[PDB]
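> structure_14.pdb is the file, holding PDB, C-alpha atoms and all ligand atoms:
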```pdb
ATOM      1  CA  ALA A   1       8.101  33.089  81.953
ATOM      2  CA  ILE A   2      10.446  32.575  78.973
ATOM      3  CA  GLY A   3      12.425  29.853  80.786
ATOM      4  CA  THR A   4      15.824  31.108  79.525
ATOM      5  CA  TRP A   5      18.300  33.604  81.024
ATOM      6  CA  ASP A   6      21.771  35.047  80.289
ATOM      7  CA  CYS A   7      24.552  35.663  82.836
ATOM      8  CA  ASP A   8      25.792  39.273  82.531
ATOM      9  CA  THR A   9      28.305  38.979  85.399
ATOM     10  CA  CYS A  10      30.773  37.255  83.044
ATOM     11  CA  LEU A  11      29.120  37.595  79.583
ATOM     12  CA  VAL A  12      27.909  33.962  79.489
ATOM     13  CA  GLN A  13      24.450  32.732  78.396
ATOM     14  CA  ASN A  14      22.707  29.762  80.078
ATOM     15  CA  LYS A  15      19.854  27.613  78.743
ATOM     16  CA  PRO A  16      16.835  26.369  80.691
ATOM     17  CA  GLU A  17      18.698  23.079  81.260
ATOM     18  CA  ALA A  18      21.625  24.911  82.899
ATOM     19  CA  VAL A  19      21.491  25.665  86.644
ATOM     20  CA  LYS A  20      24.738  27.352  87.654
ATOM     21  CA  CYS A  21      26.981  29.100  85.103
ATOM     22  CA  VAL A  22      30.213  27.150  84.470
ATOM     23  CA  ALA A  23      32.543  30.184  84.720
ATOM     24  CA  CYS A  24      31.103  31.475  88.028
ATOM     25  CA  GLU A  25      28.103  29.210  88.837
ATOM     26  CA  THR A  26      25.431  31.916  89.154
ATOM     27  CA  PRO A  27      22.714  31.368  91.763
ATOM     28  CA  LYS A  28      20.217  31.392  88.869
ATOM     29  CA  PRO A  29      17.584  33.610  90.489
ATOM     30  CA  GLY A  30      13.973  32.741  89.590
ATOM     31  CA  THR A  31      12.409  35.865  88.042
ATOM     32  CA  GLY A  32       9.163  35.869  86.020
ATOM     33  CA  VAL A  33      10.304  38.924  84.022
ATOM     34  CA  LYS A  34      13.938  39.775  83.189
ATOM     35  CA  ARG A  35      13.198  43.530  83.118
TER
HETATM   36 ZN    ZN A 101      28.434  33.494  84.668
END
```
Just give me the structure of the file as structure tokens.


Amino acid sequence: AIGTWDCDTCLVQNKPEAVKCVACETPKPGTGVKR
């Protein structure tokens, strides 16, 4: 797993340290592959 993900619900990127997006606090689903 890369360990990094971007939030497309509000165009905001989050780093591995993040947990819940600041603008909308995304659940941060755990997915091995983004695609
Ligand atoms: Zn977001």

> To one decimal place in Å, what is the distance between atom CA of residue A:1 and atom CA of residue A:22?

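Result for atom CA of residue A:1 versus atom CA of residue A:22: 23.0 Å, one decimal.
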
> Mind telling me what the PyMOL selection byres (((not hetatm)) within 9 of (chain A and resi 101)) catches here, as a list in words?

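Output from the PyMOL selection byres (((not hetatm)) within 9 of (chain A and resi 101)), applied to this file: residues 6, 7, 8, 9, 10, 11, 12, 13, 14, 20, 21, 22, 23, 24, 25 and 26 of chain A.
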
> Which residues come within 9 Å of stretch 29-34 of chain A, counting all atoms listed in the file, excluding same-chain residues fewer than 6 positions away, as a ChimeraX atom specification?

/A:1-3,5

> Quick one: residues within 10 Å of (12.7, 23.4, 79.8) (file frame), counting all atoms listed in the file, please, as a count of residues only.

7
